[PDB]
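Q: Following this line is target_11.tsv, made up of TSV, C-alpha atoms and all ligand atoms:
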```tsv
chain	number	residue	atom	x	y	z
A	5	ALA	CA	20.37	-14.90	17.95
A	6	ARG	CA	20.26	-11.56	16.20
A	7	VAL	CA	17.76	-8.76	16.53
A	8	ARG	CA	15.81	-8.02	13.41
A	9	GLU	CA	13.32	-5.23	12.74
A	10	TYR	CA	10.08	-5.86	10.82
A	11	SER	CA	7.15	-3.72	9.64
A	12	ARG	CA	3.90	-4.51	7.76
A	13	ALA	CA	1.11	-2.15	6.84
A	14	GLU	CA	-2.26	-2.48	5.09
A	15	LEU	CA	-5.38	-0.52	4.43
A	16	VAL	CA	-8.01	-1.89	6.78
A	17	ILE	CA	-10.71	-0.46	9.13
A	18	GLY	CA	-10.78	2.50	6.75
A	19	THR	CA	-7.23	3.65	7.42
A	20	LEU	CA	-3.55	2.77	7.29
A	21	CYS	CA	-2.62	0.18	9.91
A	22	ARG	CA	1.09	-0.54	10.51
A	23	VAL	CA	2.89	-2.67	13.02
A	24	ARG	CA	6.66	-2.54	13.59
A	25	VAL	CA	8.38	-5.26	15.62
A	26	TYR	CA	11.90	-5.83	16.96
A	27	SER	CA	12.58	-9.46	17.76
A	28	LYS	CA	15.22	-12.10	18.14
A	29	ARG	CA	12.70	-14.87	17.43
A	30	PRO	CA	12.94	-16.76	14.17
A	31	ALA	CA	11.63	-14.66	11.36
A	32	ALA	CA	8.97	-17.21	10.46
A	33	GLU	CA	7.51	-16.69	13.94
A	34	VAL	CA	7.32	-12.93	13.47
A	35	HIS	CA	5.81	-13.33	10.03
A	36	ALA	CA	3.14	-15.65	11.50
A	37	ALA	CA	2.33	-13.10	14.18
A	38	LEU	CA	1.98	-10.30	11.65
A	39	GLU	CA	-0.23	-12.51	9.43
A	40	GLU	CA	-2.48	-12.90	12.40
A	41	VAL	CA	-2.48	-9.21	13.25
A	42	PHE	CA	-3.81	-8.33	9.81
A	43	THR	CA	-6.26	-11.20	9.71
A	44	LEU	CA	-7.66	-10.05	13.03
A	45	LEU	CA	-8.07	-6.48	11.63
A	46	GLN	CA	-10.03	-7.89	8.64
A	47	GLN	CA	-12.21	-10.03	10.87
A	48	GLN	CA	-12.92	-7.18	13.27
A	49	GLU	CA	-13.81	-4.72	10.53
A	50	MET	CA	-16.73	-7.14	10.00
A	51	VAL	CA	-17.68	-7.11	13.69
A	52	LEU	CA	-17.35	-3.40	14.54
A	53	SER	CA	-17.82	-1.25	11.46
A	54	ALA	CA	-20.58	1.40	11.64
A	55	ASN	CA	-20.16	2.19	7.87
A	56	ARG	CA	-20.68	-1.22	6.24
A	57	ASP	CA	-24.12	-2.87	5.97
A	58	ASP	CA	-22.77	-6.36	6.57
A	59	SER	CA	-21.13	-6.02	10.00
A	60	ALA	CA	-22.26	-7.46	13.36
A	61	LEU	CA	-22.79	-3.94	14.63
A	62	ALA	CA	-24.97	-3.04	11.61
A	63	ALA	CA	-27.07	-6.16	12.26
A	64	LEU	CA	-27.40	-5.11	15.93
A	65	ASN	CA	-28.47	-1.60	14.84
A	66	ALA	CA	-31.07	-3.03	12.43
A	67	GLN	CA	-32.72	-4.51	15.66
A	68	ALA	CA	-33.09	-1.30	17.79
A	69	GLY	CA	-36.41	-1.12	19.71
A	70	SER	CA	-36.82	-4.88	19.60
A	71	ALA	CA	-35.46	-8.03	21.34
A	72	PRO	CA	-32.02	-8.79	22.93
A	73	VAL	CA	-29.30	-9.79	20.43
A	74	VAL	CA	-26.50	-12.31	21.10
A	75	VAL	CA	-22.96	-10.94	20.66
A	76	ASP	CA	-19.56	-12.46	21.20
A	77	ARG	CA	-17.86	-11.81	24.49
A	78	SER	CA	-15.36	-9.43	22.81
A	79	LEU	CA	-17.94	-7.05	21.47
A	80	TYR	CA	-19.85	-7.26	24.76
A	81	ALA	CA	-16.76	-6.23	26.78
A	82	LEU	CA	-16.12	-3.30	24.30
A	83	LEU	CA	-19.70	-2.11	24.76
A	84	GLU	CA	-19.37	-2.38	28.51
A	85	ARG	CA	-16.22	-0.22	28.50
A	86	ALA	CA	-17.82	2.28	26.15
A	87	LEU	CA	-20.88	2.70	28.33
A	88	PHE	CA	-18.46	3.08	31.34
A	89	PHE	CA	-16.79	6.07	29.64
A	90	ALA	CA	-20.13	7.51	28.55
A	91	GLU	CA	-21.25	7.51	32.21
A	92	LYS	CA	-17.99	8.87	33.56
A	93	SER	CA	-17.77	11.62	30.98
A	94	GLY	CA	-21.34	12.71	31.48
A	95	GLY	CA	-22.08	11.62	27.88
A	96	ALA	CA	-19.34	13.77	26.28
A	97	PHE	CA	-18.25	10.40	24.81
A	98	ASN	CA	-21.39	8.67	23.65
A	99	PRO	CA	-21.27	5.31	21.84
A	100	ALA	CA	-24.97	5.50	20.86
A	101	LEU	CA	-24.57	8.68	18.71
A	102	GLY	CA	-25.06	7.04	15.35
A	103	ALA	CA	-28.37	8.70	14.62
A	104	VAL	CA	-26.59	12.05	14.72
A	105	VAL	CA	-23.29	11.03	13.15
A	106	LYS	CA	-25.04	9.45	10.13
A	107	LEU	CA	-26.86	12.69	9.52
A	108	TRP	CA	-23.45	14.47	9.46
A	109	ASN	CA	-21.61	11.59	7.50
A	110	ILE	CA	-23.83	12.19	4.59
A	111	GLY	CA	-23.14	15.95	5.13
A	112	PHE	CA	-19.40	15.20	4.57
A	113	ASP	CA	-19.93	13.35	1.30
A	114	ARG	CA	-21.88	16.33	0.01
A	115	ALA	CA	-20.57	19.50	1.80
A	116	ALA	CA	-23.89	20.27	3.55
A	117	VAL	CA	-24.96	20.70	7.25
A	118	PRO	CA	-27.90	18.53	8.37
A	119	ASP	CA	-31.18	20.25	9.20
A	120	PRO	CA	-32.46	21.82	12.39
A	121	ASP	CA	-35.49	19.57	13.05
A	122	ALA	CA	-33.97	16.32	11.69
A	123	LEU	CA	-30.94	16.98	13.85
A	124	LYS	CA	-33.26	17.58	16.82
A	125	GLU	CA	-35.15	14.34	16.09
A	126	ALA	CA	-31.79	12.50	15.88
A	127	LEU	CA	-30.68	13.75	19.27
A	128	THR	CA	-33.75	12.03	20.77
A	129	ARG	CA	-32.43	8.69	19.73
A	130	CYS	CA	-28.90	8.81	21.36
A	131	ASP	CA	-29.56	7.94	25.01
A	132	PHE	CA	-26.82	5.45	25.80
A	133	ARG	CA	-28.53	4.61	29.12
A	134	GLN	CA	-31.04	2.70	26.95
A	135	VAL	CA	-28.36	0.21	25.80
A	136	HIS	CA	-28.92	-2.82	28.03
A	137	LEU	CA	-26.13	-5.34	28.36
A	138	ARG	CA	-26.95	-8.66	30.03
A	139	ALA	CA	-24.93	-11.81	30.44
A	140	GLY	CA	-26.09	-14.79	32.41
A	141	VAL	CA	-23.91	-16.18	35.13
A	142	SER	CA	-24.40	-19.91	34.27
A	143	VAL	CA	-21.97	-22.07	32.26
A	144	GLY	CA	-21.79	-21.00	28.62
A	145	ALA	CA	-24.60	-18.44	28.99
A	146	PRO	CA	-24.75	-16.00	26.05
A	147	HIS	CA	-23.91	-12.27	26.13
A	148	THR	CA	-26.75	-10.06	24.87
A	149	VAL	CA	-27.37	-6.43	23.95
A	150	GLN	CA	-30.74	-4.71	23.83
A	151	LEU	CA	-31.27	-1.25	22.26
A	152	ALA	CA	-34.43	-0.16	24.18
A	153	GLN	CA	-34.95	3.20	22.42
A	154	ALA	CA	-36.45	2.94	18.91
A	155	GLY	CA	-34.08	3.98	16.09
A	156	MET	CA	-31.02	4.32	18.35
A	157	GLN	CA	-27.73	3.42	16.56
A	158	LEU	CA	-24.42	2.33	18.00
A	159	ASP	CA	-21.26	3.82	16.56
A	160	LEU	CA	-17.98	2.73	18.15
A	161	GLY	CA	-15.77	4.85	15.94
A	162	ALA	CA	-14.24	6.77	18.91
A	163	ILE	CA	-13.20	3.59	20.81
A	164	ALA	CA	-12.75	0.79	18.26
A	165	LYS	CA	-9.16	1.59	17.28
A	166	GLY	CA	-8.15	1.53	20.88
A	167	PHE	CA	-9.86	-1.74	21.37
A	168	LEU	CA	-8.15	-3.19	18.33
A	169	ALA	CA	-4.77	-1.91	19.44
A	170	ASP	CA	-5.20	-3.61	22.77
A	171	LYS	CA	-6.24	-6.85	21.05
A	172	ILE	CA	-3.18	-6.63	18.78
A	173	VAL	CA	-0.88	-6.16	21.78
A	174	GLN	CA	-2.41	-9.21	23.38
A	175	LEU	CA	-1.83	-11.20	20.20
A	176	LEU	CA	1.79	-10.05	19.90
A	177	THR	CA	2.38	-11.04	23.49
A	178	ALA	CA	0.78	-14.46	22.73
A	179	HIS	CA	3.41	-14.86	20.02
A	180	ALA	CA	6.21	-14.10	22.51
A	181	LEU	CA	6.83	-10.68	21.14
A	182	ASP	CA	7.64	-7.90	23.54
A	183	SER	CA	8.83	-4.93	21.41
A	184	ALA	CA	6.43	-3.29	18.94
A	185	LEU	CA	4.88	-0.11	17.74
A	186	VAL	CA	1.29	-0.52	16.73
A	187	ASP	CA	-0.18	2.33	14.68
A	188	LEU	CA	-3.85	2.14	13.64
A	189	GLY	CA	-4.47	5.36	11.75
A	190	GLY	CA	-2.47	7.30	14.29
A	191	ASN	CA	-3.76	5.40	17.34
A	192	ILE	CA	-0.50	4.23	18.80
A	193	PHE	CA	0.50	1.51	21.24
A	194	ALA	CA	4.18	1.38	22.22
A	195	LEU	CA	4.83	-2.15	23.46
A	196	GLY	CA	8.03	-2.61	25.38
A	197	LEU	CA	11.23	-0.85	24.48
A	198	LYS	CA	12.81	-0.47	21.07
A	199	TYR	CA	16.40	-1.19	20.16
A	200	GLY	CA	18.84	1.66	19.37
A	207	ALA	CA	22.04	-3.95	22.24
A	208	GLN	CA	20.80	-0.69	23.82
A	209	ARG	CA	17.07	-0.65	24.75
A	210	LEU	CA	15.23	2.64	24.51
A	211	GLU	CA	11.81	4.07	24.90
A	212	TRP	CA	9.66	4.57	21.79
A	213	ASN	CA	9.47	8.18	20.68
A	214	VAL	CA	5.84	8.87	19.79
A	215	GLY	CA	5.13	11.97	17.58
A	216	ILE	CA	2.23	14.37	18.18
A	217	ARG	CA	1.33	16.45	15.08
A	218	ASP	CA	0.80	20.15	14.71
A	219	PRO	CA	-3.02	20.33	14.78
A	220	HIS	CA	-2.93	22.48	11.64
A	221	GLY	CA	-0.01	20.80	9.92
A	222	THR	CA	0.00	19.11	6.55
A	223	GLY	CA	0.66	16.21	8.99
A	224	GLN	CA	4.02	15.14	7.50
A	225	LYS	CA	6.11	15.87	10.64
A	226	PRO	CA	5.47	15.88	14.35
A	227	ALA	CA	5.45	19.05	16.45
A	228	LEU	CA	6.39	17.25	19.64
A	229	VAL	CA	7.75	13.82	20.51
A	230	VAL	CA	7.03	11.88	23.85
A	231	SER	CA	9.23	8.98	24.97
A	232	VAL	CA	7.13	6.11	26.37
A	233	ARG	CA	7.07	2.37	27.18
A	234	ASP	CA	4.06	0.04	27.48
A	235	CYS	CA	1.70	2.95	26.75
A	236	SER	CA	-0.94	3.89	24.31
A	237	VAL	CA	-0.94	7.43	22.84
A	238	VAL	CA	-4.20	8.54	21.24
A	239	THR	CA	-4.85	12.08	19.96
A	240	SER	CA	-8.13	13.78	19.20
A	241	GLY	CA	-8.07	17.00	17.19
A	242	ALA	CA	-10.20	19.65	15.55
A	243	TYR	CA	-8.65	19.50	12.06
A	244	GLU	CA	-8.09	15.75	11.55
A	245	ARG	CA	-11.37	15.08	9.60
A	246	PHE	CA	-13.77	17.79	8.44
A	247	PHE	CA	-15.69	19.42	5.63
A	248	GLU	CA	-16.07	23.14	4.80
A	249	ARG	CA	-19.27	24.93	3.78
A	250	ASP	CA	-19.73	28.69	3.35
A	251	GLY	CA	-16.49	29.46	5.20
A	252	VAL	CA	-17.27	27.30	8.22
A	253	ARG	CA	-15.37	24.06	9.07
A	254	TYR	CA	-17.34	21.11	10.44
A	255	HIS	CA	-15.24	18.42	12.00
A	256	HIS	CA	-16.17	14.87	13.02
A	257	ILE	CA	-16.26	14.97	16.83
A	258	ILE	CA	-19.84	15.81	17.83
A	259	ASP	CA	-20.83	17.51	21.13
A	260	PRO	CA	-23.88	15.42	22.15
A	261	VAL	CA	-25.48	18.40	23.79
A	262	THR	CA	-25.64	20.49	20.58
A	263	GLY	CA	-25.60	17.84	17.91
A	264	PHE	CA	-22.92	19.93	16.17
A	265	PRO	CA	-19.12	19.49	15.98
A	266	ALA	CA	-17.70	20.33	19.41
A	267	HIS	CA	-16.56	23.93	20.02
A	268	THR	CA	-13.73	23.55	22.44
A	269	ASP	CA	-10.76	25.48	23.90
A	270	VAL	CA	-8.10	22.94	22.84
A	271	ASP	CA	-6.84	22.15	19.36
A	272	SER	CA	-5.84	18.57	20.40
A	273	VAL	CA	-5.76	16.25	23.35
A	274	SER	CA	-3.41	13.29	23.58
A	275	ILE	CA	-4.08	10.65	26.19
A	276	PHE	CA	-1.40	8.30	27.52
A	277	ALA	CA	-2.78	5.12	29.07
A	278	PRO	CA	-1.94	1.53	29.74
A	279	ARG	CA	-4.94	0.52	27.66
A	280	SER	CA	-5.50	1.99	24.25
A	281	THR	CA	-9.28	1.41	24.62
A	282	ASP	CA	-9.23	3.88	27.48
A	283	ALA	CA	-6.97	6.39	25.77
A	284	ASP	CA	-9.20	6.37	22.69
A	285	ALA	CA	-12.44	6.98	24.60
A	286	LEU	CA	-10.90	9.55	26.85
A	287	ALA	CA	-9.30	11.51	24.04
A	288	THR	CA	-12.67	11.97	22.37
A	289	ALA	CA	-14.39	12.78	25.74
A	290	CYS	CA	-11.72	15.36	26.62
A	291	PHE	CA	-11.90	17.06	23.23
A	292	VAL	CA	-15.66	17.56	23.76
A	293	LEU	CA	-15.25	18.63	27.36
A	294	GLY	CA	-12.49	21.17	26.84
A	295	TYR	CA	-9.49	21.76	29.09
A	296	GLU	CA	-10.81	22.50	32.58
A	297	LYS	CA	-13.54	19.82	32.50
A	298	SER	CA	-11.02	17.37	31.03
A	299	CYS	CA	-8.65	17.94	33.88
A	300	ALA	CA	-11.49	17.18	36.38
A	301	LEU	CA	-12.44	14.01	34.51
A	302	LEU	CA	-8.84	12.86	34.30
A	303	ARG	CA	-8.55	13.16	38.10
A	304	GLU	CA	-10.85	10.07	38.00
A	305	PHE	CA	-8.14	8.12	36.09
A	306	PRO	CA	-4.81	8.52	38.04
A	307	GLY	CA	-3.05	6.02	35.84
A	308	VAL	CA	-3.53	8.14	32.69
A	309	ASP	CA	-1.61	11.18	31.51
A	310	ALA	CA	-2.60	13.85	29.10
A	311	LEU	CA	-1.08	16.47	26.73
A	312	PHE	CA	-3.12	19.43	25.50
A	313	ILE	CA	-2.24	21.64	22.56
A	314	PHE	CA	-3.99	25.01	22.64
A	315	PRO	CA	-4.83	27.23	19.65
A	316	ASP	CA	-2.08	29.63	20.74
A	317	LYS	CA	0.46	26.78	20.50
A	318	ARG	CA	1.00	26.44	24.26
A	319	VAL	CA	1.30	22.85	25.35
A	320	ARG	CA	0.41	21.53	28.86
A	321	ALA	CA	1.23	17.96	29.85
A	322	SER	CA	0.44	16.19	33.09
A	323	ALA	CA	3.19	15.30	35.60
A	324	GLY	CA	3.61	11.73	34.50
A	325	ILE	CA	4.69	12.58	31.05
A	326	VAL	CA	5.86	16.23	30.97
A	327	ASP	CA	9.50	15.26	31.48
A	328	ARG	CA	9.32	12.91	28.49
A	329	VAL	CA	8.13	15.62	26.01
A	330	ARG	CA	10.46	17.22	23.45
A	331	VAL	CA	9.35	20.13	21.31
A	332	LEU	CA	10.46	19.74	17.70
A	333	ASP	CA	8.58	22.69	16.13
A	334	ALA	CA	9.80	25.73	18.06
A	335	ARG	CA	6.57	27.62	17.39
A	336	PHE	CA	5.09	25.52	20.15
A	337	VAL	CA	5.89	26.08	23.83
A	338	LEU	CA	5.80	23.42	26.53
A	339	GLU	CA	4.69	24.98	29.80
A	340	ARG	CA	6.37	23.34	32.82
A	401	LIG	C1	-14.16	-1.04	12.40
A	401	LIG	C2	-14.02	0.25	11.69
A	401	LIG	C3	-14.22	0.36	10.31
A	401	LIG	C4	-14.06	1.62	9.70
A	401	LIG	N1	-14.27	1.74	8.37
A	401	LIG	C5	-14.11	2.93	7.75
A	401	LIG	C6	-14.33	3.04	6.29
A	401	LIG	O1	-14.68	2.03	5.66
A	401	LIG	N2	-14.17	4.25	5.72
A	401	LIG	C7	-13.78	5.33	6.43
A	401	LIG	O2	-13.64	6.41	5.82
A	401	LIG	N3	-13.54	5.31	7.77
A	401	LIG	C8	-13.68	4.17	8.48
A	401	LIG	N4	-13.44	4.09	9.88
A	401	LIG	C9	-13.01	5.30	10.61
A	401	LIG	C10	-14.25	5.85	11.31
A	401	LIG	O3	-15.18	6.32	10.33
A	401	LIG	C11	-14.09	6.96	12.35
A	401	LIG	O4	-15.53	7.16	12.54
A	401	LIG	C12	-13.30	8.28	12.00
A	401	LIG	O5	-12.12	8.16	11.19
A	401	LIG	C13	-12.78	9.07	13.24
A	401	LIG	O6	-11.84	8.41	14.07
A	401	LIG	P1	-10.75	9.11	15.01
A	401	LIG	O7	-10.14	7.85	15.55
A	401	LIG	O8	-9.93	10.02	14.14
A	401	LIG	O9	-11.59	9.99	16.05
A	401	LIG	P2	-12.36	9.69	17.43
A	401	LIG	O10	-12.42	11.02	18.14
A	401	LIG	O11	-11.68	8.52	18.11
A	401	LIG	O12	-13.76	9.16	16.89
A	401	LIG	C14	-14.63	10.10	16.19
A	401	LIG	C15	-15.69	9.20	15.61
A	401	LIG	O13	-16.58	8.65	16.60
A	401	LIG	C16	-17.97	9.01	16.34
A	401	LIG	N5	-18.30	10.13	17.27
A	401	LIG	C17	-18.35	11.43	16.98
A	401	LIG	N6	-18.58	12.19	18.02
A	401	LIG	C18	-18.58	11.31	19.08
A	401	LIG	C19	-18.67	11.40	20.49
A	401	LIG	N7	-18.91	12.57	21.04
A	401	LIG	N8	-18.67	10.29	21.20
A	401	LIG	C20	-18.48	9.10	20.67
A	401	LIG	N9	-18.38	8.88	19.36
A	401	LIG	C21	-18.40	9.95	18.62
A	401	LIG	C22	-18.00	9.29	14.86
A	401	LIG	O14	-18.07	8.06	14.17
A	401	LIG	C23	-16.63	9.93	14.64
A	401	LIG	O15	-16.20	9.81	13.24
A	401	LIG	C24	-13.63	2.82	10.52
A	401	LIG	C25	-13.41	2.68	11.89
A	401	LIG	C26	-13.59	1.44	12.48
A	401	LIG	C27	-13.35	1.30	13.93
A	402	MG	MG	-11.38	8.28	20.43
A	403	MG	MG	-10.00	7.13	17.64
```
Would you put the structure from the file into structure tokens?

A:
Amino acid sequence: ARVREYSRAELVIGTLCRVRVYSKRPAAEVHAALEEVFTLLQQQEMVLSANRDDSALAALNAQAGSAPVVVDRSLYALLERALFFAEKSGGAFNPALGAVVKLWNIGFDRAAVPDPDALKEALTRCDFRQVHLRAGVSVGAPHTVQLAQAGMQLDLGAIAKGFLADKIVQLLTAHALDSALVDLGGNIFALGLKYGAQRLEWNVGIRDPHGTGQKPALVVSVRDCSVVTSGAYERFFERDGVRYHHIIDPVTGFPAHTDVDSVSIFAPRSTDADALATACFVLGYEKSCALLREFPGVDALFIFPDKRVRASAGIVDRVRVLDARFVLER
């Protein structure tokens, strides 16, 4: 049995999703697995999307301030984890920010900042402590979500790719695959080891925050790890000389003003890395380091505006600088 390398990529969940696999299984078995990967991504776009009218999440949002809504166990577990990170981060990650983000999302499409009062009114409808998850303990009891606060809107944009990465890994493993690189719009899971037969860690790139994005600034060797990066220049609009990026500080209702240009989180679960990367970007370096003390199994890499890079002890030895303008502090 020979090792063969496969890759498939599609536009789905609003971005480029690619999976690369090394396997000695019959090719028809890899092909079936990859068919299922991209079917899952299509199906889940219709569960999770905050910017289609026809998703499960949109239907849930169209019921805020009313009665509990039944959701599948998958979505329920995602919401549970999201509310967990909202609590732990002190609301720096907030999965009930849709009132605010939708005010800004229209701002992107036409390069205009929301509106003082409107933005203030929106911030009153983002209390994630008013999302009530309940699931009976009897056989086959349904999972339900209640949005108690009128006009509150869920938006799982900052955790859904992680969730989907984790679900893809689980599917790959179900297909007896154990070597893959999953890349959902830059949200990476490195499953197993790659082949060089010599087995080697995956070398995950971290971009220059201000790059044209073509090339990484740094590379980190990892196994069985998600790598998720949040940054200040990944998605933004400009108006009157001011850049407005997509990661909102829930306290201000404006794009977060922070002391880091990017934060990359390394975790066994991509769900966690995705939430935490967004939380840490909002929180800034010192407060991030205190939060991450809560999560001893996670590592982190910060790129500062002066191009210094600090990485936690679990990963610093695995970092290689490719763009010599950056400096890795040790
Ligand atoms: C299922 C699905 C379907 C999608 N469909 C589309 C599409 O059709 N078209 C398209 O252009 N993009 C789409 N996206 C991408 C989506 O709009 C993201 O909102 C955006 O690209 C940012 O993701 P990130 O992973 O780069 O950043 P992250 O930092 O992981 O997430 C930032 C996003 O989370 C939300 N948010 C902002 N601030 C906070 C915060 N403090 N706490 C929590 N959440 C916050 C906003 O939605 C913001 O865009 C989709 C994503 C998913 C999961
Ligand atoms: Mg995120
Ligand atoms: Mg993300």

Q: I'd like the contact shell of residue 6 in chain A - 9 Å cut-off, all atoms listed in the file, skipping same-chain residues fewer than 5 positions apart - returned as a ChimeraX atom specification.

A: /A:27-29

Q: By how many Å are CA of residue 127 in chain A and CA of residue 263 in chain A apart?

A: 6.7 Å

Q: Using all atoms listed in the file, which of the listed residues (A:176, A:110, A:207, A:334) sits closest to ligand LIG 401 (chain A)?

A: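 Checking each candidate against ligand LIG 401 (chain A), we get A:110 as the closest.
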
Q: Rank nothing, just name the residue among A:81, A:37, A:192, A:180 nearest to ligand MG 403 (chain A), using all atoms listed in the file.

A: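 Between A:81, A:37, A:192, A:180, the residue approaching ligand MG 403 (chain A) most closely is A:192.
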
Q: Using only C-alpha atoms, which of the listed residues (A:61, A:149, A:41, A:286) sits closest to residue 179 in chain A?

A: A:41
